[PDB]
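Participant: Below: one structure in structure tokens.
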Amino acid sequence: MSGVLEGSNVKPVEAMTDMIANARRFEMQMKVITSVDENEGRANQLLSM
Amino acid sequence: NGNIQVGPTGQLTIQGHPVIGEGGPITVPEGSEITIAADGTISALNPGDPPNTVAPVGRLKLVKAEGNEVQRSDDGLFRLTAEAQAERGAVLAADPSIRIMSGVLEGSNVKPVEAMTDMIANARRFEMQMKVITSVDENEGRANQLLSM
Amino acid sequence: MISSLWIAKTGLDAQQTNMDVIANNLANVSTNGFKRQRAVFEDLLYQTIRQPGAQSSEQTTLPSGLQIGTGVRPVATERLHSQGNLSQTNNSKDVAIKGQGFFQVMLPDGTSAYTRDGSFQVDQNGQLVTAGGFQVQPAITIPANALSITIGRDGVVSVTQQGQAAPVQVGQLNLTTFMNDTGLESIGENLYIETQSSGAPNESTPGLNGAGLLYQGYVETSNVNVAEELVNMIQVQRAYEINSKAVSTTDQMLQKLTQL
Amino acid sequence: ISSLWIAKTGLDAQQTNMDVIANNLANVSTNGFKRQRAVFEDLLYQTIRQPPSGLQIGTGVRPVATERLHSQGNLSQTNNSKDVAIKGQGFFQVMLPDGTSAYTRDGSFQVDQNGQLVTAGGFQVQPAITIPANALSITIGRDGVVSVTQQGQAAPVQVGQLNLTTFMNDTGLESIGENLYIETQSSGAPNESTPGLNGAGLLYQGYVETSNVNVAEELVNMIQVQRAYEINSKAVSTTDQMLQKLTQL
Amino acid sequence: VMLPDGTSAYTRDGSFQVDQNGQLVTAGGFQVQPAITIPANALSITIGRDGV
Amino acid sequence: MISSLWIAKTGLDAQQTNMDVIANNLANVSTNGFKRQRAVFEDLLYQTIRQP
Amino acid sequence: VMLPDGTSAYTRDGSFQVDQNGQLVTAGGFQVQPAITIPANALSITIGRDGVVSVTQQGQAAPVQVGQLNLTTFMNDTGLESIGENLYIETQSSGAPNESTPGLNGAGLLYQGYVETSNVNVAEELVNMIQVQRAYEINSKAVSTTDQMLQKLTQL
Amino acid sequence: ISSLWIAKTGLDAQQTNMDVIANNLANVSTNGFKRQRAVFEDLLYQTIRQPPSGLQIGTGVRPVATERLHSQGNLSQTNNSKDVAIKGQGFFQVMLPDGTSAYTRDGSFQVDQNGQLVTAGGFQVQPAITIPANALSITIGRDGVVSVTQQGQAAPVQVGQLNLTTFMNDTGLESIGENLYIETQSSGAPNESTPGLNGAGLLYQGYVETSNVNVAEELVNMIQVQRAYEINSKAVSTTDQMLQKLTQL
Amino acid sequence: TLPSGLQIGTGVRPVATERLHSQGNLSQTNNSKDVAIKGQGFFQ
Amino acid sequence: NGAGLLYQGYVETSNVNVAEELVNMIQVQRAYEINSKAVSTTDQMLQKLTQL
């Protein structure tokens with residue numbers, strides 16, 4: 001069809017929900033990392049003699 | 001819980017283990033179309049019959065009892081306290097003055113305000129106990145040097 | 001969505017049907033034999049909530065139960081078959097109907113239609129045809145050398161030749177009466193066709209057994225009372241106003257529900 | 001928690017009111033339609049004991065009824081021989097296809113192929129009336145006797161009688177659509193009574209009764225409904241903010 | 001108003017009706033004491049300023 | 001657009017043709033041997049929604 | 001409705017169509033039972049108030065009665081097993097289905113040209129969303145309080 | 001999280017609905033256009049076994065079809081001999097460049113430099129109809145026969161026949177744009193039939209069939225679509241904030 | 001299966017402008033030079 | 001004896017002043033927030049106390 005261009009098929013709703021999910025996932029991973037680091041720091045004291 | 005349900009065979013069952021009223025479990029005709037009145041009477045209109053055939057099919061028994069004379073029984077169901085049994089007897093009367101509000105359910109009376117300070121005070125009390133425990137053990141450990149030498 | 005928006009939408013559609021009928025009636029002034037239409041409306045379901053019986057106690061009765069209801073579905077358009085006014089067309093081949101009855105016509109596919117018109121002509125071969133060539137029943141062929149066409153009140157059509165001073169009876173124009181005029185299904189063309197709501201047609205000579213008479217040289221005008229159509233136009237526009245206002249109210253309610 | 005449900009009940013009541021207003025407003029220009037008004041009602045009150053021997057908080061605004069206003073509508077001229085309207089009270093009886101009887105306050109009648117007097121949807125009107133095949137004109141007098149005129153006979157042959165039906169409690173009949181009502185256990189038994197007698201209403205040929213909807217009252221009530229909806233939504237929002245502020249501490 | 005259980009309640013509400021027997025009720029069928037029994041086929045009902 | 005509007009357009013155009021015929025008839029007074037015309041109209045489609 | 005695997009499901013959905021063969025199907029090709037087959041050249045279809053479906057032919061002044069579209073009612077409507085696609089299948093909690101003509105034996109009537117809408121009260125859902133959010137926050141606070149207490153226990 | 005997925009499906013369905021509404025609204029004043037309605041369908045339901053016999057959660061509101069309403073559109077007078085509209089069912093067969101046929105419920109015809117009858121873009125209709133060089137007037141009758149009038153000759157010579165095509169399932173045709181539909185495996189075989197016979201409608205010359213798009217339907221639907229979109233947006237935000245609170249511990 | 005596929009569809013395009021080449025009404029210019037055409041044809 | 005008259009065809013409406021309710025709602029929300037601040041201040045006092 002002439003006289004007509006085509007735009008990008010970037011659906012905004014799926015991108016928006018995906019970005020929200022990405023942010024929440026990142027927060028969950030950061031919590032896990034903090035917990036593991038705290039565990040390791042607490043547990044390093046065992047080797048003391 | 002007034003969330004009454006009907007089975008295929010017409011058993012009125014607040015979440016199953018059915019409801020008791022004026023006799024055994026209340027039973028209604030299978031094409032129920034139940035309506036529940038203010039004082040507890042239950043009327044049933046088969047869907048394909050003239051509406052002037054809503055003759056009452058049962059009565060929903062209701063009982064008055066509160067607080068001191070009722071205790072939970074390891075299920076969501078309450079019973080009498082066995083102190084209110086050398087009293088109004090094992091099976092209570094219908095008390096024909098308790099009313100029904102039809103088409104309306106009741107939610108839980110879980111007061112968030114008093115629960116939130118329940119939890120705040122609980123946490124504070126717990127860590128006060130931990131401080132007492134810490135001081136006591138440190139006392140005992142530093143004390144243990146008496147007996148040596 | 002909201003129970004209110006569907007109801008208002010049905011109201012809008014009903015008013016649009018009303019305006020459609022008014023516009024069709026109002027445009028067909030100056031159409032011969034056209035019959036006024038009027039839309040009959042009809043309310044939709046009523047969702048019962050508390051049964052109007054269903055006693056509220058052992059002795060009580062709970063009058064006038066709670067039911068909400070929806071919709072204004074149009075149920076019909078009855079077509080008014082009342083006699084229209086005549087108009088003097090001065091044309092010898094035009095005939096109007098004095099009372100009930102329909103002219104039968106042969107459709108090109110072979111089936112029979114019925115018209116309340118008088119605008120007749122003569123085609124190549126003298127056959128009486130109606131403004132579109134749909135040849136009338138029964139066949140009436142005017143002779144080539146005729147001068148006058150006279151269609152008596154009984155429908156007896158006879159012509160006069162040059163010199164021959166005898167009006168030879170050339171045919172008969174008989175009417176078709178339906179036991180239910182309003183049941184006819186209109187196919188345009190100023191033509192209605194039989195349906196099993198109208199019933200079987202009774203063909204008969206005019207004047208007899210309830211058929212109407214024939215007025216030659218006059219055509220039956222549409223029976224559309226324009227004053228009633230104008231006031232209906234006012235009423236229909238205002239009802240549309242009101243229903244769209246209801247839609248606006250429900251929309252704004254929903255909007256502040258959203259901002260919540 | 002608490003005020004949230006109370007305000008939700010308020011929202012539901014306002015929405016039911018708006019639904020009834022919408023059904024009234026849509027059904028204007030529907031023949032014989034009787035407008036509807038929803039009466040509401042507060043829910044059960046809870047008594048807090050004082051160690052006046054107590055106070056109440058209460059909740060909810062549950063709707064109890066929609067009462068129909070069974071008054072006289074205006075008459076609109078349809079110039080149709082078959083159509084009739086009713087002075088005063090009374091209902092036209094109709095035989096449903098299943099076999100029972102409904103009752104309509106409507107007269108947009110018409111004759112089917114068998115000559116039966118039916119009602120705009122084909123449901124035969126009781127008692128049966130059969131208009132002869134070639135009636136010149138059909139008249140329905142003020143006492144409901146229907147007669148036709150044939151060619152040749154210089155006298156109107158009497159064809160039928162269009163009886164009315166009166167109910168003890170007009171509001172009780174439940175609406176089933178198509179402007180038809182049916183008998184209920186609250187509306188009592190029907191009385192087959194001739195027009196103009198026993199309190200039944202008269203008949204008017206060539207006119208049809210209209211809806212008794214006062215659109216001015218509809219519009220002002222609808223302003224009420226919208227503003228009350230917004231006020232209750234403000235209550236919901238305030239309770240939501242209070243809970244949010246509570247859960248922080 | 002006569003409650004179902006026998007005692008008397010009192011209402012400031014006029015959403016009245018008639019049940020199948022002519023008795024005045026209050027939007028839910030509670031009888032208005034003392035009973036007022038409207039005849040079967042009344043043309044019109046009038047309630048005066050003093051309740052007559 | 002609207003079912004009303006197209007119908008009304010047809011009505012306007014029919015009246016316009018009718019005025020055209022009247023104006024040609026009426027302008028041709030004092031024209032020898034002229035013959036009056038008259039327009040015959042005809043309703044269009046009927047969109048059936050429920051079959052009769 | 002007859003499912004491809006042969007079992008019968010049930011739907012309160014009216015957006016019908018006709019396949020290339022004339023059979024009534026439901027927006028997804030599920031045959032409606034009993035099968036209703038439309039002739040090739042029907043001018044119009046009419047489904048009456050009790051499901052008597054008929055068509056009009058060119059020339060006949062009579063709508064040949066082409067089929068019957070009967071309903072099915074259940075003793076306990078709520079117990080149906082919704083399998084998606086707007087179809088339910090009957091289970092032991094609903095009882096056997098009772099088939100009958102519309103308007104008889106408690107079944108409803110049929111409205112042609114109209115489709116039923118979802119009965120979802122959005123005010124209920126919005127207020128429930130507020131309730132759910134705040135209850136979630138409250139329970140989250142409970143978890144946090146318990147976790148902090150456990151931390152204090154495990155320090156000593 | 002599953003709530004976010006569900007709400008995304010709801011937002012997608014409302015946005016597809018808005019796309020359908022907007023396509024209907026744009027194509028007003030497109031001859032022979034048939035409006036579209038999106039029909040939706042829920043997804044499968046997740047069953048959780050209880051130690052009824054189970055609860056059902058469910059998800060999604062996927063759109064299952066977009067069905068065209070192949071009803072009759074209103075007529076518009078254009079006073080063009082070539083334009084022709086259709087009474088009732090039927091389509092005009094058109095030969096695409098690639099060799100197969102499309103079917104158009106349209107009437108904006110023309111003639112090319114050769115005499116053939118084409119459709120506003122040169123797609124030659126079938127069967128070929130050629131208008132001679134000096135046709136004074138061109139007439140298309142109610143059964144499709146097209147004839148022309150030549151100078152001097154006192155008769156219209158028949159020059160072509162304009163057959164229509166009928167399908168068992170009109171909706172099943174898939175549209176390729178250009179006011180053109182094509183046969184699928186769902187619409188059945190194309191029945192080439194003379195107009196007025198065998199279920200085929202008729203032909204009106206000088207008139208073109210309008211679009212059957214009801215704009216009140218689409219305006220109310222636009223209101224509904226916007227509101228539903230914003231409600232599902234609220235659901236997305238609620239899930240987002242609950243995830244906030246969850247990850248904060 | 002699938003009695004109708006789903007198609008979203010986009011917009012609308014103006015495909016043509018056709019000139020109605022019918023006969024216009026005449027006007028009496030009362031000018032010798034001016035001339036009018038009955039029926040089809042053009043002046044080159 | 002002090003009873004009020006009766007007006008037929010009319011219903012008494014609720015005597016609720018919505019402006020009063022809105023102002024009371026603002027007051028209630030602010031007072032709720034202030035009390036929550038009291039609880040929070042006491043709670044952080046207690047946190048510091050139980051630290052050591």
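Here, A, B, ... name the chains of the structure tokens in the order displayed, residue numbers run from 1 inside each chain, and ligands are numbered from 1 in the same displayed order.
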List as an NGL selection string the protein and nucleic acid residues near segment 17-23 of chain F, meaning an atom at most 12 Å away when only C-alpha atoms are counted, but skip any in the same chain fewer than 4 places from it.
Facilitator: (:C and (29-31)) or (:F and (10-13 or 27-29 or 35-41)) or (:H and (79)) or (:I and (25))
Participant: Where does chain H meet chain D within 12 Å, residue by residue, with the nearest atom pair and distance in Å to one decimal for each, counting only C-alpha atoms, listed by chain and rising number, as JSON lines?
Facilitator:
```
{"residue": "H:241", "atom": "CA", "partner": "D:244", "partner_atom": "CA", "distance": 11.4}
{"residue": "H:242", "atom": "CA", "partner": "D:244", "partner_atom": "CA", "distance": 11.9}
{"residue": "H:245", "atom": "CA", "partner": "D:248", "partner_atom": "CA", "distance": 10.3}
{"residue": "H:248", "atom": "CA", "partner": "D:248", "partner_atom": "CA", "distance": 11.8}
```
Participant: Quick one: residues within 6 Å of segment 3-15 of chain I, only C-alpha atoms counted, chain neighbours fewer than 6 positions away excluded, as a ChimeraX atom specification?
Facilitator: /G:19,29 /H:23,26-27,65-66,172,186
Participant: Define the interface residues of chain G facing chain C as those within 8 Å, counting only C-alpha atoms, and report them as number ranges by chain.
Facilitator: G: 59, 61-62, 118-123, 126
Participant: Filtering to N, CA and C atoms, could you give me those residues as an mmCIF file, in the first residue's frame?
Facilitator:
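This went into result-v3.cif:
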```
data_model
loop_
_atom_site.group_PDB
_atom_site.id
_atom_site.type_symbol
_atom_site.label_atom_id
_atom_site.label_comp_id
_atom_site.auth_asym_id
_atom_site.auth_seq_id
_atom_site.Cartn_x
_atom_site.Cartn_y
_atom_site.Cartn_z
ATOM 1 N N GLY G 59 -39.392 -16.973 -1.559
ATOM 2 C CA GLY G 59 -40.586 -17.442 -2.226
ATOM 3 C C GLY G 59 -41.623 -17.993 -1.281
ATOM 4 N N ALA G 61 -43.916 -18.015 1.736
ATOM 5 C CA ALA G 61 -44.470 -17.131 2.753
ATOM 6 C C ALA G 61 -44.681 -17.888 4.054
ATOM 7 N N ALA G 62 -43.649 -18.616 4.473
ATOM 8 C CA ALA G 62 -43.702 -19.455 5.660
ATOM 9 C C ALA G 62 -42.294 -19.795 6.126
ATOM 10 N N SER G 118 -21.277 -9.409 31.377
ATOM 11 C CA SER G 118 -20.670 -9.846 32.623
ATOM 12 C C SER G 118 -21.264 -9.075 33.789
ATOM 13 N N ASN G 119 -21.630 -9.790 34.843
ATOM 14 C CA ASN G 119 -22.269 -9.165 35.999
ATOM 15 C C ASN G 119 -21.250 -8.777 37.053
ATOM 16 N N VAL G 120 -20.187 -8.093 36.662
ATOM 17 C CA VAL G 120 -19.116 -7.741 37.579
ATOM 18 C C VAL G 120 -19.358 -6.327 38.077
ATOM 19 N N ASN G 121 -19.458 -6.183 39.394
ATOM 20 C CA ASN G 121 -19.716 -4.900 40.043
ATOM 21 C C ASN G 121 -18.367 -4.281 40.370
ATOM 22 N N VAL G 122 -17.930 -3.321 39.555
ATOM 23 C CA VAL G 122 -16.574 -2.811 39.703
ATOM 24 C C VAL G 122 -16.384 -2.073 41.014
ATOM 25 N N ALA G 123 -17.447 -1.534 41.607
ATOM 26 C CA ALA G 123 -17.294 -0.912 42.919
ATOM 27 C C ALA G 123 -16.872 -1.939 43.959
ATOM 28 N N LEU G 126 -13.125 -2.684 43.339
ATOM 29 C CA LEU G 126 -12.218 -1.628 43.785
ATOM 30 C C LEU G 126 -12.091 -1.606 45.304
#
```
Participant: Which residues are close to residue 84 of chain H, i.e. within 7 Å by only C-alpha atoms, leaving aside same-chain residues fewer than 2 positions away? Reply as a PDB file with N, CA and C atoms, in the first residue's frame.
Facilitator:
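After the write, selection.pdb holds the following:
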```
ATOM      1  N   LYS H  82     -22.775   4.430 -12.844  1.00  0.00           N
ATOM      2  CA  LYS H  82     -21.927   3.269 -12.615  1.00  0.00           C
ATOM      3  C   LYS H  82     -22.127   2.692 -11.221  1.00  0.00           C
ATOM      4  N   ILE H  86     -26.579  -3.075  -3.217  1.00  0.00           N
ATOM      5  CA  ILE H  86     -27.068  -4.443  -3.145  1.00  0.00           C
ATOM      6  C   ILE H  86     -28.214  -4.526  -2.149  1.00  0.00           C
ATOM      7  N   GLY H 107     -19.902  -0.778  -4.425  1.00  0.00           N
ATOM      8  CA  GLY H 107     -20.496  -0.420  -5.696  1.00  0.00           C
ATOM      9  C   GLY H 107     -19.845   0.725  -6.439  1.00  0.00           C
ATOM     10  N   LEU H 203     -30.222  -5.314  -7.157  1.00  0.00           N
ATOM     11  CA  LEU H 203     -29.299  -4.237  -7.489  1.00  0.00           C
ATOM     12  C   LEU H 203     -30.046  -2.920  -7.641  1.00  0.00           C
ATOM     13  N   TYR H 204     -29.487  -1.862  -7.064  1.00  0.00           N
ATOM     14  CA  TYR H 204     -30.033  -0.513  -7.141  1.00  0.00           C
ATOM     15  C   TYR H 204     -29.009   0.369  -7.830  1.00  0.00           C
ATOM     16  N   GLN H 205     -29.388   0.955  -8.953  1.00  0.00           N
ATOM     17  CA  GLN H 205     -28.477   1.793  -9.710  1.00  0.00           C
ATOM     18  C   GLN H 205     -28.580   3.240  -9.252  1.00  0.00           C
ATOM     19  N   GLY H 206     -27.445   3.928  -9.273  1.00  0.00           N
ATOM     20  CA  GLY H 206     -27.366   5.282  -8.788  1.00  0.00           C
ATOM     21  C   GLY H 206     -27.186   5.401  -7.297  1.00  0.00           C
ATOM     22  N   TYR H 207     -27.217   4.290  -6.573  1.00  0.00           N
ATOM     23  CA  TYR H 207     -27.141   4.270  -5.124  1.00  0.00           C
ATOM     24  C   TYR H 207     -25.940   3.450  -4.691  1.00  0.00           C
ATOM     25  N   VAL H 208     -25.341   3.840  -3.575  1.00  0.00           N
ATOM     26  CA  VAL H 208     -24.211   3.116  -3.015  1.00  0.00           C
ATOM     27  C   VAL H 208     -24.527   2.779  -1.565  1.00  0.00           C
TER      28      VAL H 208
END
```
Participant: Show which residues sit within 8 Å of residue 10 of chain D, as a VMD selection string. Count only C-alpha atoms, and ignore same-chain residues fewer than 3 positions away.
Facilitator: chain D and resid 6 to 7 13 to 14 60 to 61 229 232
Participant: Would you export the selected residues with N, CA and C atoms as a compact mmCIF listing (two decimals), in the first residue's frame, please?
Facilitator:
```
# COMPACT_ATOMS: atom_id res chain seq x y z
N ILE D 6 -18.75 -0.03 55.28
CA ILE D 6 -19.92 0.84 55.38
C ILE D 6 -20.05 1.71 54.14
N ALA D 7 -18.94 2.31 53.72
CA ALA D 7 -18.99 3.16 52.53
C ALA D 7 -19.22 2.34 51.27
N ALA D 13 -25.81 1.20 47.30
CA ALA D 13 -27.13 1.80 47.31
C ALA D 13 -27.25 2.90 46.26
N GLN D 14 -26.23 3.76 46.16
CA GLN D 14 -26.27 4.80 45.14
C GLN D 14 -26.30 4.19 43.74
N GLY D 60 -24.15 0.11 56.97
CA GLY D 60 -24.91 -0.24 55.79
C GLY D 60 -26.19 0.51 55.52
N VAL D 61 -26.61 0.49 54.25
CA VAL D 61 -27.83 1.14 53.81
C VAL D 61 -28.63 0.26 52.84
N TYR D 229 -22.61 9.54 45.28
CA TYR D 229 -21.55 8.61 44.90
C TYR D 229 -20.18 9.21 45.15
N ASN D 232 -19.47 9.34 49.00
CA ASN D 232 -19.12 8.03 49.53
C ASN D 232 -17.75 7.58 49.06
```
